[PDB]
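Two forms of a single protein chain come next, each set out by itself as structure tokens; they are called structure 1 and structure 2.
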Structure 1
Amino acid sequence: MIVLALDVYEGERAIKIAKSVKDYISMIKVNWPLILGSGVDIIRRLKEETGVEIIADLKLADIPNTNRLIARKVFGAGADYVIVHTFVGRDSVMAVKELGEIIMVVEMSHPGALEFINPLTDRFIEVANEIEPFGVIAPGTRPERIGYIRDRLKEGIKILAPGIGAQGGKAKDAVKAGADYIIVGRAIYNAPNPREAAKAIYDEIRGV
């Protein structure tokens, strides 16, 4: 269930960390920091070095034409999934979905998410239900909201929850609430021993 969020700038550093924790993860999530620091080709290299699927957390939020230009390049680089915002509207979301599997942001994990996003959660779930993306982003920092979303989201849609570890969210609470994937970044990549850190979360989720 663990999704490693590799938010370091250095590509070889990312590959080293990924290889050391590969045994305990399900997927790797890359964001702009690593792409900016190593080039988009880092996606293909991570997949070849680890054998796991790659999620490109781009938080796409532009007009349809630009979302298309971006997504085609990133899916072309090997991304298995692309995360897109829902607030920019249906047309921008579809421009990306036409190119590959997507994950729609429903509710974010940080404090600022309560200002405009959280108040529209119901509406976003409605859009996700009609579009039917591979999954949606729910707040690992607010497990009660993960349940809220799960209860209203079509069964076939998965829930991925970031905000575990550094942001304060507990892996066990998120899984119990209905998260299918547990996104973990700093708690693993900033740990003195990333493998030991990943194993601890892996054990927590197994309930041992």
Structure 2
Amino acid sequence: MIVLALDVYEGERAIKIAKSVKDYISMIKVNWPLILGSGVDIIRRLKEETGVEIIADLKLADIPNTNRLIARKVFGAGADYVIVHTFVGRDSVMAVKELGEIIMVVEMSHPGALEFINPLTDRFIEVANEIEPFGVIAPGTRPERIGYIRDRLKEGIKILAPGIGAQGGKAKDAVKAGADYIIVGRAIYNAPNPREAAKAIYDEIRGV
């Protein structure tokens, strides 16, 4: 249920951390900065070193043909899931889904999201319901939002949520509210002992 946001750009350093917490996470999420610095082969390297599935957080948002060229290369490189925007249209989402498992963005948490993205979350969820992606991604800052989305999201589509909070009990609360996966980064990779931290989040979630 835990997804490690491996936002560590010293390549071998990132790999060491990922290997150390491998037993307590379900997936590793890599972004464009890591792929740019280490190359797209960082995805196969992480898989070989950890045995964990990889989410390529690409936010694809181009026309169908281009989204297709990108997805073919990234899935070919071993990515298990690709994160794609919903706002570019159904055809652009489908061009990626036809090549591999996808996770659709339906809401974001930065101030700018209030301008165009978030006013459309309800509609993006309805679109996701028709597309049937592996899951959707939305902020987990407020467990009430997770539930709101879960109520509207077709059963079977998973919810992945970043930003649930580092306080004791936040991880367990986000899962109970409807998150299938919680995405955690700094609380793990910047801990004095990343494995211990990941293990503690794991324990909180599988506990009571």
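Residues that one form lacks are left out of the comparison. Residue 1 is the first residue of structure 1, and the numbers go on in sequence order from there. Rigid core (definition): largest C-alpha set, two forms, superposition within 1.5 Å.
Summarising the superposition on the core between structures 1 and 2, the listed residues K73, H110, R123, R90 contain exactly one with a Cα shift of 2 Å or larger, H110. Once the rigid core is used as the reference frame, the Cα position of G147 differs between structures 1 and 2 by less than 2 Å. Core-aligned CA deviation for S26 between structures 1 and 2: less than 2 Å.
With the core held fixed, the Cα of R45 is displaced between structures 1 and 2 by less than 2 Å. Core-based alignment between structures 1 and 2 gives a C-alpha movement of 6.7 Å at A166.
Taking the core as the reference frame, the CA atom of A56 shifts 0.4 angstrom between structures 1 and 2.
Taking residues common to both forms and aligning the rigid core, Cα displacements of 2 Å or more over three or more consecutive positions between structures 1 and 2 occur in 109-115, 164-170, 206-208.
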